[PDB]
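Presented below is the structure to which this report refers.
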Amino acid sequence: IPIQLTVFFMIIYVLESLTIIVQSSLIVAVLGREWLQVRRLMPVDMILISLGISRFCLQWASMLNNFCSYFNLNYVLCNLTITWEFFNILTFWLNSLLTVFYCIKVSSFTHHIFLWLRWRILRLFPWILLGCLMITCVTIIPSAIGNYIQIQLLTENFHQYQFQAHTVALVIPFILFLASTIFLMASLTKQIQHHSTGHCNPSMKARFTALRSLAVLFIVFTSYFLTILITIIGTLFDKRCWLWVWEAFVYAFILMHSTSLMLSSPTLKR
Amino acid sequence: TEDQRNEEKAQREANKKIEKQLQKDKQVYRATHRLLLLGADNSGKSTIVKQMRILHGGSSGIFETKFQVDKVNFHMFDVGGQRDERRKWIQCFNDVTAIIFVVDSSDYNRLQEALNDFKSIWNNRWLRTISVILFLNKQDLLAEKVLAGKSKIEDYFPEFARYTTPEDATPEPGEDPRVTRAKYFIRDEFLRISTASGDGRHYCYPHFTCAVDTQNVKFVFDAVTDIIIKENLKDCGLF
Amino acid sequence: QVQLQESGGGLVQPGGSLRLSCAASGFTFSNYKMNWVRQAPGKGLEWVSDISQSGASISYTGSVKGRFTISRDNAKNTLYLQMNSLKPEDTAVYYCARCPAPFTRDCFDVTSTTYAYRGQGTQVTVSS
Amino acid sequence: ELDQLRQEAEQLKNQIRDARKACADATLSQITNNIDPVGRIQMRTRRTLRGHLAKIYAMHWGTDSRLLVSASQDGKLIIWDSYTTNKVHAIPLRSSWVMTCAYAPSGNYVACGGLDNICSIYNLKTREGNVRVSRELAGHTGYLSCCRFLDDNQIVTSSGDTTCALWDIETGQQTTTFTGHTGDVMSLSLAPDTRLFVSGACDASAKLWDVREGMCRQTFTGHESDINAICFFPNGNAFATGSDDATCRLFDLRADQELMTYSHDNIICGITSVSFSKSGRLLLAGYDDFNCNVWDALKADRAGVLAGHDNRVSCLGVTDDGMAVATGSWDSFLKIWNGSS
Amino acid sequence: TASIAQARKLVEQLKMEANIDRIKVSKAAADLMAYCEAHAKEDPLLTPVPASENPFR
Ligand SMILES: OCc1ccccc1O[C@@H]1O[C@H](CO)[C@@H](O)[C@H](O)[C@H]1O
């Protein structure tokens with residue numbers, strides 16, 4: 001890779017990351033204003049705030065890392081891998097809950113167990129949202145213990161466990177996200193055709209906007225998980241060479257997700 | 001102060017029982033769609049509530065029926081024990097999921113009064129977020145009145161001649177073009193009132209009622225279901 | 001006290017023109033949407049025309065569209081309705097019904113049997 | 001004939017107006033010009049009462065100044081203990097649509113009513129622990145807008161039939177009827193001495209009725225629109241009304257004339273609920289703009305603003321001792337407000 | 001003659017309304033001010049009661 005190409009990629013990633021930081025700052029500012037106003041915020045803003053702060057910490061963790069690495073200067077107060085993984089997991093969960101929300105409030109299935117579960121989720125929403133941070137802590141144990149073990153070793157045997165362990169961390173939130181998303185697209189899609197005869201054009205327009213937008217939400221995150229999965233697997237690549245090459249590609253995605261979300265927040269329109 | 005502690009504990013137990021009963025009541029309540037029948041005396045609104053009561057299980061102030069369609073609960077109420085002053089007791093129906101506005105499309109003399117009533121219901125401050133299921137009724141008598149009898153619609157609405165049947169008319173196979181023109185004209189008058197203001201907040205669902213009762217129940221059910229779809233999608237933000 | 005005293009009205013040959021003027025006292029005229037409603041003999045109260053708070057929104061019933069023109073003079077606190085090309089179906093008692101609440105666009109209790117914000121009306125007899 | 005009676009009525013109206021003008025010498029605004037202003041009072045919400053599934057349409061405090069009763073459109077009458085924010089009784093209602101709510105001075109009864117046109121009186125101190133419908137007063141030909149207990153056995157109810165009624169609960173009939181209002185009677189306030197009571201209707205008029213005699217003594221007309229709220233002055237010689245016209249007005253019974261008109265250019269929403277403070281110095285008014293305003297009853301100054309409700313403020317009542325003001329709104333919530341020294 | 005009877009009842013009510021004693025507005029203002037000032041000490045909303053004697057605190 002040409003040095004000029006690498007510097008161009010790092011410029012791209014820096015611009016992307018600055019825009020991400022500004023966007024998350026804007027969302028947290030408007031939602032904090034709403035908090036100070038009445039503290040009246042619907043479940044969807046509950047997770048948006050979480051993802052705004054999660055996206056923000058990660059975003060930062062990223063910057064501490066990249067120059068801590070590519071540049072290599074300040075190679076100490078820079079190795080913030082664990083907090084990045086924690087915030088990302090937080091992130092992979094919160095969006096699943098986000099997605100699971102959507103699958104419960106706009107559901108037409110009337111199964112008695114399904115209705116019971118739907119109200120069980122809707123009733124204890126802050127408690128579940130709280131749980132993600134917790135199950136987030138429960139899930140980084142191995143990596144926390146794993147990374148401590150590797151640091152002790154420094155100062156594939158046992159590492160193989162890290163190498164597969166990192167995945168287990170984020171597969172389950174993504175499994176829930178994928179399941180709930182496909183459920184809502186189906187349900188959304190079954191509903192589409194099934195009410196087409198009713199000539200309800202506003203219903204057609206409303207149902208088309210969200211279905212397409214899930215398809216944007218489903219797409220963008222998924223690509224990023226695969227970005228995170230390839231980063232874990234770590235072969236086909238050479239960050240140190242690439243580095244910024246991925247950096248651009250991975251956060252450029254994260255740019256999509258955030259904007260998608262950014263506009264998606266309802267109370268920001270208000 | 002052992003007695004005070006005992007009294008406080010008893011109060012807490014009673015409060016817990018009240019909250020449990022309230023949660024069960026909310027279970028029953030939020031799963032029930034409360035529809036408000038609104039219309040004139042000529043319109044078969046009472047006929048509609050009677051037919052919906054006789055079709056399902058069912059249940060002088062307010063005529064209230066409770067029924068189940070596809071395991072979905074509905075609570076339809078007609079306010080018939082009041083006076084003409086409705087600017088104060090209509091405020092009780094600002095949380096209603098849908099207002100079934102039944103119109104007598106056969107009678108043209110009071111069709112303008114029906115349009116005025118629909119306009120006032122649509123532009124209320126307390127009914128801005130309430131969607132209206134329009135229930136153009138007595139369609140058979142409209143067909144009989146426009147097939148012959150020379151009862152022209154242009155005397156009461158002098159825009160009928162300057163009106164063409166919409167391309168999306170999807171009429172019944174045996175409908176005379178004249179009856180399709182008339183029914184539409186009425187539907188589009190109400191729809192013009194609807195889309196004049198408050199299009200985003202709430203929507204009107206025209207329906208050519210006086211068909212088989214099952215069709216009326218099915219249309220009310222589908223209209224209620226979207227209405228809930230719009231509300232939940234606004235709440236979620238996927239709008 | 002709220003008063004809406006109508007004026008005008010009389011025996012008019014068909015095709016003639018009248019101008020009913022309702023003088024309003026006791027309330028701020030500008031803040032209230034107003035509406036001319038008529039009651040024909042052996043019939044109920046029927047809404048004829050309405051004027052918004054300034055004049056931006058003016059509406060008429062179909063039976064009188066083009067014939068009648070309704071205006072509001074806020075400075076004099078009066079409401080006029082001009083009848084042109086009268087027809088014998090217009091013989092009625094005309095009342096200036098004020099909308100119950102200020103600063104709104106929905107008028108409910110107008111044309112009700114007993115409304116507190118309308119006047120006694122004037123009798124218009126379009127006959128020869 | 002009818003013309004002669006109409007002219008005679010107009011002449012009497014003119015004579016009453018002339019007499020009222022003759023009594024008008026110095027306005028209450030000029031009289032209270034030199035008094036020290038009330039100041040900027042601030043009330044914080046000590047207790048938010050939750051549990052209603054629908055909009056609160058009415059509430060009323062008990063004489064104990066601790067227990068209140070609130071009516072919600074879901075068909076629920078909840079008695080709240082403010083001191084401990086606990087629900088004592090949650091009475092299910094036969095008719096979901098309830099617009100009035102009363103608590104008896106003795107605390108042994110509550111009353112509710114609404115679009116069912118029926119005053120349901122519920123006994124609280126029953127032999128068992130279940131609150132049951134003690135009596136269903138019927139006879140009104142319109143929706144029941146306000147209920148106010150008098151002496152545990154007689155109740156005054158204002159309805160949409162343009163008439164009010166004094167009912168004997170034991171017998172269940174109309175002991176007295178009060179006729180004369182042209183529009184819907186919406187608000188009802190009893191005098192502290194129980195002899196008289198003032199009713200505000202939708203004819204832009206407030207009428208003072210004699211309970212034991214059953215005729216209207218005084219008619220007050222200063223509002224441009226329908227009156228929604230009415231509240232007797234603690235003295236008993238004045239009362240304040242709020243209208244959909246974005247004004248409250250203070251009327252005196254001994255002058256037959258309005259004294260002051262609390263209004264502002266910024267306020268466009270109508271007034272729903274009105275109540276005075278313990279001393280009558282503060283007039284608390286609930287509005288459609290999701291807000292409440294505390295006016296100086298002698299100066300027409302907005303002493304304070306109570307802002308905690310996401311929906312229309314439907315009711316607000318000041319306790320008997322003046323300790324706190326409880327405001328119930330359409331957001332399914334009641335908030336108790338009090339001031340801190 | 002139903003309208004005549006209603007008008008007669010309205011006229012009778014107006015007559016009962018007119019011939020009553022009406023105190024001057026000045027005296028009404030003075031009495032309202034006196035009542036407001038006398039009970040200003042006992043108004044907990046006008047003069048906020050301390051926290052110790054406030055049940056809602
Ligand atoms: O090796 C640590 C790690 C494990 C699992 C997921 C991310 C990880 O590390 C992250 O990888 C990203 C790849 O684009 C980088 O952008 C981040 O800066 C880095 O912290």
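Just so we're on the same page: first chain in the structure tokens is A, next is B, and so on; residues restart at 1 for each chain, and ligands are numbered from 1 in the order they show up.
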Per residue of chain C within 8 Å of chain B, note the shortest atom pair and the distance in Å to one decimal, counting only C-alpha atoms, and order the rows by chain and increasing residue number, as a tab-separated table.
residue	atom	partner	partner_atom	distance
C:46	CA	B:113	CA	7.2
C:47	CA	B:113	CA	7.5
C:61	CA	B:112	CA	7.1
C:62	CA	B:157	CA	5.1
C:63	CA	B:156	CA	5.4
C:105	CA	B:123	CA	6.5
C:106	CA	B:120	CA	4.9
C:107	CA	B:120	CA	6.0
C:108	CA	B:87	CA	5.6
C:109	CA	B:85	CA	5.3
C:112	CA	B:84	CA	5.6
C:113	CA	B:84	CA	6.9
C:115	CA	B:85	CA	8.0
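Selecting all polymer residues at most 8 Å from ligand 1, using only C-alpha atoms and all ligand atoms, gives residues 61, 62, 63, 64, 65, 66, 80, 81, 82, 84, 85, 88, 166, 167, 227, 228, 229, 231, 232, 243, 246, 247, 250 and 251 of chain A.
The protein and nucleic acid residues lying at most 9 Å from residue 220 in chain B are residues 100, 133, 215, 216, 224 and 225 of chain B, with only C-alpha atoms considered and sequence neighbours fewer than 4 positions away removed.
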Using only C-alpha atoms, find each residue in chain B having at least one atom no more than 10 Å away from chain A; report its shortest atom-to-atom pair and that distance in Å (one decimal), rows by chain then rising number, as a tab-separated table.
residue	atom	partner	partner_atom	distance
B:27	CA	A:119	CA	8.7
B:31	CA	A:115	CA	9.8
B:70	CA	A:110	CA	9.2
B:71	CA	A:110	CA	8.0
B:72	CA	A:110	CA	8.6
B:168	CA	A:199	CA	9.5
B:199	CA	A:202	CA	9.8
B:200	CA	A:202	CA	9.4
B:203	CA	A:202	CA	8.2
B:204	CA	A:200	CA	9.9
B:205	CA	A:200	CA	7.9
B:206	CA	A:200	CA	9.9
B:219	CA	A:198	CA	8.3
B:222	CA	A:195	CA	7.9
B:223	CA	A:200	CA	8.6
B:225	CA	A:108	CA	8.4
B:226	CA	A:203	CA	6.6
B:227	CA	A:203	CA	8.5
B:228	CA	A:106	CA	8.4
B:229	CA	A:106	CA	6.3
B:230	CA	A:206	CA	7.1
B:231	CA	A:106	CA	9.0
B:232	CA	A:106	CA	5.7
B:233	CA	A:106	CA	6.6
B:234	CA	A:266	CA	7.9
B:235	CA	A:42	CA	7.6
B:236	CA	A:44	CA	6.2
B:237	CA	A:266	CA	5.2
B:238	CA	A:210	CA	4.5
B:239	CA	A:206	CA	5.6
Expected file: the selected residues, N, CA, C and O atoms, as a tab-separated table (two decimals), in the first residue's frame:
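The resulting file, part-v4.tsv, is shown below:
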chain	number	residue	atom	x	y	z
B	27	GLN	N	-54.20	-5.02	32.12
B	27	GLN	CA	-54.17	-6.13	31.19
B	27	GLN	C	-55.44	-6.19	30.36
B	27	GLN	O	-55.39	-6.28	29.13
B	31	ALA	N	-55.65	-4.14	26.15
B	31	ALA	CA	-55.94	-5.11	25.11
B	31	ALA	C	-57.33	-4.94	24.51
B	31	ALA	O	-57.75	-5.76	23.70
B	70	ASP	N	-61.49	-12.32	16.41
B	70	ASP	CA	-60.16	-12.93	16.28
B	70	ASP	C	-59.37	-12.79	17.59
B	70	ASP	O	-58.18	-12.46	17.59
B	71	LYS	N	-60.05	-13.04	18.70
B	71	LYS	CA	-59.50	-12.92	20.05
B	71	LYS	C	-59.04	-11.51	20.38
B	71	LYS	O	-58.22	-11.33	21.30
B	72	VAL	N	-59.52	-10.50	19.66
B	72	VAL	CA	-59.21	-9.11	19.94
B	72	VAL	C	-60.47	-8.44	20.48
B	72	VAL	O	-61.54	-8.55	19.88
B	168	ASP	N	-59.17	5.00	-9.34
B	168	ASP	CA	-59.11	3.94	-8.35
B	168	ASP	C	-60.49	3.71	-7.74
B	168	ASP	O	-60.65	3.73	-6.51
B	199	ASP	N	-53.76	15.86	8.66
B	199	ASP	CA	-53.51	14.62	7.93
B	199	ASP	C	-52.50	13.74	8.66
B	199	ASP	O	-52.68	12.52	8.74
B	200	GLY	N	-51.43	14.34	9.19
B	200	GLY	CA	-50.40	13.55	9.83
B	200	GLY	C	-50.86	12.88	11.12
B	200	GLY	O	-50.57	11.71	11.35
B	203	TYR	N	-56.11	9.82	10.59
B	203	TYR	CA	-56.54	9.49	9.24
B	203	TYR	C	-57.97	8.97	9.26
B	203	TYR	O	-58.45	8.46	10.27
B	204	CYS	N	-58.65	9.12	8.13
B	204	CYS	CA	-60.02	8.66	7.95
B	204	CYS	C	-60.03	7.44	7.05
B	204	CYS	O	-59.32	7.38	6.04
B	205	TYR	N	-60.85	6.45	7.42
B	205	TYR	CA	-60.96	5.19	6.69
B	205	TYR	C	-62.36	5.09	6.11
B	205	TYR	O	-63.29	4.61	6.78
B	206	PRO	N	-62.57	5.53	4.88
B	206	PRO	CA	-63.90	5.43	4.28
B	206	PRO	C	-64.31	3.98	4.08
B	206	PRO	O	-63.49	3.13	3.71
B	219	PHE	N	-63.94	-4.72	8.25
B	219	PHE	CA	-63.36	-3.42	7.97
B	219	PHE	C	-63.01	-2.69	9.26
B	219	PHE	O	-61.95	-2.06	9.35
B	222	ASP	N	-59.76	-4.32	10.56
B	222	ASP	CA	-58.56	-3.93	9.83
B	222	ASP	C	-58.20	-2.47	10.08
B	222	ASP	O	-57.01	-2.14	10.24
B	223	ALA	N	-59.19	-1.59	10.12
B	223	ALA	CA	-58.91	-0.19	10.42
B	223	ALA	C	-58.32	-0.04	11.81
B	223	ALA	O	-57.36	0.70	12.01
B	225	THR	N	-56.63	-2.28	13.47
B	225	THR	CA	-55.28	-2.83	13.46
B	225	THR	C	-54.29	-1.84	12.86
B	225	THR	O	-53.20	-1.65	13.41
B	226	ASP	N	-54.59	-1.16	11.83
B	226	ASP	CA	-53.55	-0.28	11.42
B	226	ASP	C	-53.50	0.77	12.44
B	226	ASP	O	-52.48	1.08	12.95
B	227	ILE	N	-54.60	1.41	12.69
B	227	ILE	CA	-54.46	2.52	13.64
B	227	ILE	C	-53.42	2.18	14.70
B	227	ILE	O	-52.54	2.99	15.02
B	228	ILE	N	-53.52	0.97	15.27
B	228	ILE	CA	-52.53	0.56	16.27
B	228	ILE	C	-51.15	0.45	15.65
B	228	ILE	O	-50.14	0.72	16.30
B	229	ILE	N	-51.07	0.03	14.38
B	229	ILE	CA	-49.78	-0.05	13.71
B	229	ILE	C	-49.16	1.34	13.57
B	229	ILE	O	-47.97	1.53	13.86
B	230	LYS	N	-49.94	2.33	13.14
B	230	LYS	CA	-49.44	3.71	13.10
B	230	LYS	C	-48.98	4.17	14.48
B	230	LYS	O	-47.91	4.78	14.61
B	231	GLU	N	-49.78	3.92	15.51
B	231	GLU	CA	-49.42	4.39	16.84
B	231	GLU	C	-48.13	3.76	17.33
B	231	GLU	O	-47.23	4.45	17.83
B	232	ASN	N	-48.00	2.44	17.16
B	232	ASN	CA	-46.80	1.74	17.62
B	232	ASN	C	-45.58	2.11	16.79
B	232	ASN	O	-44.46	2.14	17.32
B	233	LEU	N	-45.76	2.40	15.50
B	233	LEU	CA	-44.63	2.80	14.68
B	233	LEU	C	-44.20	4.23	14.97
B	233	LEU	O	-43.00	4.54	14.89
B	234	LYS	N	-45.14	5.11	15.31
B	234	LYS	CA	-44.77	6.44	15.79
B	234	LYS	C	-44.02	6.34	17.11
B	234	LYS	O	-43.02	7.04	17.32
B	235	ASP	N	-44.49	5.47	18.02
B	235	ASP	CA	-43.81	5.29	19.29
B	235	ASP	C	-42.41	4.74	19.09
B	235	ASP	O	-41.45	5.20	19.74
B	236	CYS	N	-42.26	3.75	18.21
B	236	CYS	CA	-40.95	3.17	17.96
B	236	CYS	C	-40.05	4.12	17.17
B	236	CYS	O	-38.83	4.10	17.34
B	237	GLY	N	-40.64	4.94	16.31
B	237	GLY	CA	-39.88	5.86	15.49
B	237	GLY	C	-39.72	5.43	14.04
B	237	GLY	O	-39.20	6.22	13.24
B	238	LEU	N	-40.14	4.22	13.69
B	238	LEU	CA	-40.05	3.74	12.31
B	238	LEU	C	-41.21	4.29	11.48
B	238	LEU	O	-42.00	3.56	10.89
B	239	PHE	N	-41.30	5.62	11.45
B	239	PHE	CA	-42.32	6.30	10.68
B	239	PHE	C	-41.70	7.26	9.67
B	239	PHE	O	-42.34	7.66	8.70
Please build the interface table for chain D against chain E with a cut-off of 6 Å, listing for each qualifying residue the nearest atom pair and the distance in Å to one decimal; count only C-alpha atoms, order rows by chain and increasing number, and write it as CSV.
residue,atom,partner,partner_atom,distance
D:2,CA,E:4,CA,5.7
D:9,CA,E:11,CA,5.2
D:16,CA,E:18,CA,5.3
D:23,CA,E:24,CA,4.5
D:24,CA,E:25,CA,5.3
D:26,CA,E:26,CA,5.4
D:28,CA,E:29,CA,5.2
D:46,CA,E:56,CA,5.8
D:218,CA,E:17,CA,5.9
D:254,CA,E:23,CA,5.4
D:255,CA,E:22,CA,4.7
D:278,CA,E:43,CA,5.2
D:279,CA,E:39,CA,5.1
D:280,CA,E:36,CA,5.9
D:281,CA,E:36,CA,5.5
D:322,CA,E:44,CA,5.6
D:323,CA,E:44,CA,5.4
D:339,CA,E:48,CA,5.1
D:340,CA,E:48,CA,5.3
D:341,CA,E:48,CA,4.9
Pull N, CA, C and O atoms from the residues just selected and write them as a PDB file, in the first residue's frame.
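Okay, selection_21.pdb is ready:
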ATOM      1  N   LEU D   2     -95.848  38.532  23.808  1.00  0.00           N
ATOM      2  CA  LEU D   2     -94.466  38.090  23.968  1.00  0.00           C
ATOM      3  C   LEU D   2     -93.489  39.243  23.784  1.00  0.00           C
ATOM      4  O   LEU D   2     -92.454  39.304  24.459  1.00  0.00           O
ATOM      5  N   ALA D   9     -88.372  42.346  30.185  1.00  0.00           N
ATOM      6  CA  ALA D   9     -87.145  41.674  30.598  1.00  0.00           C
ATOM      7  C   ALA D   9     -85.919  42.509  30.255  1.00  0.00           C
ATOM      8  O   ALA D   9     -84.976  42.595  31.050  1.00  0.00           O
ATOM      9  N   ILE D  16     -80.957  46.403  36.365  1.00  0.00           N
ATOM     10  CA  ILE D  16     -79.965  45.681  37.156  1.00  0.00           C
ATOM     11  C   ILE D  16     -78.563  46.155  36.804  1.00  0.00           C
ATOM     12  O   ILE D  16     -77.719  46.357  37.686  1.00  0.00           O
ATOM     13  N   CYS D  23     -73.271  50.784  42.108  1.00  0.00           N
ATOM     14  CA  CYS D  23     -72.430  50.237  43.168  1.00  0.00           C
ATOM     15  C   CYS D  23     -70.948  50.326  42.823  1.00  0.00           C
ATOM     16  O   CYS D  23     -70.106  50.349  43.725  1.00  0.00           O
ATOM     17  N   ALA D  24     -70.611  50.378  41.540  1.00  0.00           N
ATOM     18  CA  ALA D  24     -69.214  50.423  41.114  1.00  0.00           C
ATOM     19  C   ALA D  24     -68.666  51.828  41.331  1.00  0.00           C
ATOM     20  O   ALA D  24     -68.927  52.740  40.544  1.00  0.00           O
ATOM     21  N   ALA D  26     -65.163  52.296  43.408  1.00  0.00           N
ATOM     22  CA  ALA D  26     -63.720  52.102  43.400  1.00  0.00           C
ATOM     23  C   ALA D  26     -63.438  50.629  43.165  1.00  0.00           C
ATOM     24  O   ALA D  26     -63.884  49.778  43.941  1.00  0.00           O
ATOM     25  N   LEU D  28     -61.563  46.970  42.836  1.00  0.00           N
ATOM     26  CA  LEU D  28     -60.686  46.231  43.737  1.00  0.00           C
ATOM     27  C   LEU D  28     -59.226  46.386  43.340  1.00  0.00           C
ATOM     28  O   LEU D  28     -58.336  46.254  44.188  1.00  0.00           O
ATOM     29  N   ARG D  46     -44.403  17.450  46.064  1.00  0.00           N
ATOM     30  CA  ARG D  46     -43.950  16.555  47.119  1.00  0.00           C
ATOM     31  C   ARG D  46     -44.286  15.104  46.807  1.00  0.00           C
ATOM     32  O   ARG D  46     -43.462  14.209  47.027  1.00  0.00           O
ATOM     33  N   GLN D 218     -79.038  35.286  42.621  1.00  0.00           N
ATOM     34  CA  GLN D 218     -78.155  36.186  41.898  1.00  0.00           C
ATOM     35  C   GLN D 218     -77.612  35.505  40.653  1.00  0.00           C
ATOM     36  O   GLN D 218     -77.299  34.313  40.674  1.00  0.00           O
ATOM     37  N   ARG D 254     -72.362  40.301  47.445  1.00  0.00           N
ATOM     38  CA  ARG D 254     -72.982  41.468  48.057  1.00  0.00           C
ATOM     39  C   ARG D 254     -72.985  42.695  47.157  1.00  0.00           C
ATOM     40  O   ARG D 254     -73.686  43.664  47.465  1.00  0.00           O
ATOM     41  N   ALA D 255     -72.227  42.683  46.063  1.00  0.00           N
ATOM     42  CA  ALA D 255     -72.257  43.768  45.094  1.00  0.00           C
ATOM     43  C   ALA D 255     -72.902  43.371  43.776  1.00  0.00           C
ATOM     44  O   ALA D 255     -73.160  44.250  42.946  1.00  0.00           O
ATOM     45  N   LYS D 278     -56.136  28.940  51.555  1.00  0.00           N
ATOM     46  CA  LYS D 278     -56.825  28.952  52.839  1.00  0.00           C
ATOM     47  C   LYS D 278     -57.386  30.331  53.148  1.00  0.00           C
ATOM     48  O   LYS D 278     -58.525  30.458  53.609  1.00  0.00           O
ATOM     49  N   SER D 279     -56.606  31.375  52.897  1.00  0.00           N
ATOM     50  CA  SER D 279     -57.001  32.738  53.216  1.00  0.00           C
ATOM     51  C   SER D 279     -57.671  33.454  52.055  1.00  0.00           C
ATOM     52  O   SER D 279     -58.127  34.589  52.227  1.00  0.00           O
ATOM     53  N   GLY D 280     -57.738  32.829  50.884  1.00  0.00           N
ATOM     54  CA  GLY D 280     -58.297  33.471  49.718  1.00  0.00           C
ATOM     55  C   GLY D 280     -57.355  34.407  49.001  1.00  0.00           C
ATOM     56  O   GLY D 280     -57.746  34.991  47.984  1.00  0.00           O
ATOM     57  N   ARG D 281     -56.129  34.573  49.496  1.00  0.00           N
ATOM     58  CA  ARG D 281     -55.177  35.464  48.846  1.00  0.00           C
ATOM     59  C   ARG D 281     -54.685  34.892  47.527  1.00  0.00           C
ATOM     60  O   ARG D 281     -54.412  35.647  46.588  1.00  0.00           O
ATOM     61  N   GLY D 322     -55.200  24.109  53.885  1.00  0.00           N
ATOM     62  CA  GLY D 322     -54.310  24.856  53.021  1.00  0.00           C
ATOM     63  C   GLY D 322     -52.911  24.304  52.931  1.00  0.00           C
ATOM     64  O   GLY D 322     -52.019  24.990  52.428  1.00  0.00           O
ATOM     65  N   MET D 323     -52.695  23.080  53.412  1.00  0.00           N
ATOM     66  CA  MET D 323     -51.351  22.519  53.457  1.00  0.00           C
ATOM     67  C   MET D 323     -50.768  22.360  52.063  1.00  0.00           C
ATOM     68  O   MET D 323     -49.621  22.742  51.810  1.00  0.00           O
ATOM     69  N   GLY D 339     -45.282  24.550  49.251  1.00  0.00           N
ATOM     70  CA  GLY D 339     -44.207  25.525  49.273  1.00  0.00           C
ATOM     71  C   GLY D 339     -43.281  25.304  50.458  1.00  0.00           C
ATOM     72  O   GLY D 339     -43.722  24.934  51.545  1.00  0.00           O
ATOM     73  N   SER D 340     -41.993  25.537  50.229  1.00  0.00           N
ATOM     74  CA  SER D 340     -40.968  25.379  51.247  1.00  0.00           C
ATOM     75  C   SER D 340     -40.444  26.743  51.671  1.00  0.00           C
ATOM     76  O   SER D 340     -40.160  27.599  50.827  1.00  0.00           O
ATOM     77  N   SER D 341     -40.320  26.941  52.978  1.00  0.00           N
ATOM     78  CA  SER D 341     -39.835  28.203  53.521  1.00  0.00           C
ATOM     79  C   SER D 341     -38.363  28.418  53.188  1.00  0.00           C
ATOM     80  O   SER D 341     -37.613  27.459  53.003  1.00  0.00           O
TER      81      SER D 341
END
With only C-alpha atoms as the counted atoms, please give the residues lying no more than 9 Å from range 266-274 of chain D, apart from itself and same-chain residues fewer than 2 positions off, as a PyMOL selection string. (chain C and resi 101-103) or (chain D and resi 187+227-231+240-248+263-264+276+283-289+312-317)
